[PDB]
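Below, in structure tokens: the form deposited in one PDB entry, a single chain.
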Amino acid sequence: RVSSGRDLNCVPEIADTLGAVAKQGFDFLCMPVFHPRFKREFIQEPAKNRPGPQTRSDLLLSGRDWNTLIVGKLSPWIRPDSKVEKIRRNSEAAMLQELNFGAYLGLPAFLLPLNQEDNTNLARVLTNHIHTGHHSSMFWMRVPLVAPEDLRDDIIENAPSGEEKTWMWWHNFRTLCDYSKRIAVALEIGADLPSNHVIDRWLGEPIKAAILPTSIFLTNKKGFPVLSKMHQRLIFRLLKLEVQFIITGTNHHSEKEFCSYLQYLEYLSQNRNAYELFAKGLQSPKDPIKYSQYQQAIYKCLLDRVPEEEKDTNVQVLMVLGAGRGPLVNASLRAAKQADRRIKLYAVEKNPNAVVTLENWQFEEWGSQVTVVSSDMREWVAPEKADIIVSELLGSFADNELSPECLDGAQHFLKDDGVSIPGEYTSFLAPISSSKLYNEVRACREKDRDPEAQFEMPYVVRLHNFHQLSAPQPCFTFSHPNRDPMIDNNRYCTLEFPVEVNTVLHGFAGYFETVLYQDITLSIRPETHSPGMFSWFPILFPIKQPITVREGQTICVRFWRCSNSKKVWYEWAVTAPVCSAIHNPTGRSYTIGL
């Protein structure tokens, strides 16, 4: 359900306001910690000796009300990036005072206006307050989708980049605040919206609140406020990002008792999938749709391997490499029933903790049809030659987790007429901008290792708070069985991705596509996502220092898959528009061990 709040700059008494506010159903109140007209002097005599209390005392509300029901506001008279020395230094001190009272109160969050082009000083005052032991607070920088210098009316006797610079205000803020997790954006909407190509970027930010003026709401024929469709789409995306919606302004629909504006959010939040339902909650490396497509593939093979009159006499030899707990063996068996064909099966797992489970299956359900091998597929001196080798040694990135080195190792007991399942798989890459995934990468900073090695290692993730810059391109192709002698899985690849708009690059996202057998495909590529398959999430490859890109350029990225008899690893580097150090050289941060 939607969460929402009220932006009141006038608060005569807090229990009166919070009393009537909560009755209208708002979850929280954004209010200022000091009166916004009450200018204060600190450097200048004689005003700095002002008697009396500087604000309403914190005793008026219980500590639970402050920490949950309230959000702060920075006073509008504060221009810490003003050019005038005396207006600046008084404004640095007031901000510390209104923020430290934000700490002393225990407020969950604080609103800070970003509307100027230069906000270098404002960040310093906020960089000095984070490093004070005040972690119970958040900063919601108030930045609009469209600047005030563009939303205005052109009714002046002079003529009235220019659409994206609302973001560059922000990226130059967090970059000055070292991409702190304690800084978020409250995105101020207005009646004029940018193109969707920008919105798709803004949702890559940590949008944590959305400020909705009442002046965008139209009036329907029933007299109730509504949003035109170009807004309702954007709000449907914001709801998916779980932001909190703030109703700024006042009742223009003066008859309707201001709570009507909130009622429509509680309408849109209802009237708008299983991958998002199953997914919830970065990690360093019960899906029957994924196993059925293995089953249908085996069915489509056995009919193709076995003529109809050899059904009773053709002993089809399957080797289920990486059987694990044996779901692929139930499938390999169910296909035979579905195909009505004789199969003999060697289920191979090394892990004794699972051989215990397969061996129990053999005695309870499968019978003598299923052989189990306890030695590993690279050691086992097998007695007979497989007609098929079936497997999921795959990973989120297909050539990860040693599916090739194991299958091409288990190829010396495959018939020359034989096939392999998955027979082909090809991994896919695209650049992504994600300021939230990048901070969740830095959050992995771990003691007793090189503090930048967390960027030289991938992370599995349900990509949710991310923007994608280009259609994914195939990086690495593998087809099994290898029809050739020596030639090696050590591979080199280069990819060039076009770019449309100014945006940071924080990594490249891994997907994959696999041909189990002809016209049967598991896939998590977005443009060809398999239905209802969610076992394999994408992966994230971070980079040491983010890359800020200009439109019209190309992102040229080089990946290597390199290996020896001991280790297997990846290396990756961005070289256009700018050179990024070759990541994970010699497996110093990441390996998938043979």
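Position 1 is the first residue in the sequence shown; the rest follow in order. Here, rigid core means the biggest group of C-alpha atoms that superpose within 1.5 Å across both forms.
**Student:** With respect to the deposited sequence, how many residues separating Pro160 from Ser161 are not represented by coordinates: none, 1 to 3, 4 to 9, or 10 or more?
**Tutor:** The entry has a gap there, with 4 to 9 residues left out between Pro160 and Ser161.
**Student:** Select one of none, 1 to 3, 4 to 9, or 10 or more to describe the deposited residues without coordinates separating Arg272 and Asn273.
**Tutor:** The entry has a short gap there, with 1 to 3 residues left out between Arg272 and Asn273.
Below, we turn to the form deposited in another entry, even though it does not appear here.
**Student:** Fit the core first: which of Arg378, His464, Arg491, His134 then shifts its CA by 2 Å or more between this form and the one not shown?
**Tutor:** The listed residue whose C-alpha shifts by at least 2 Å is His134.
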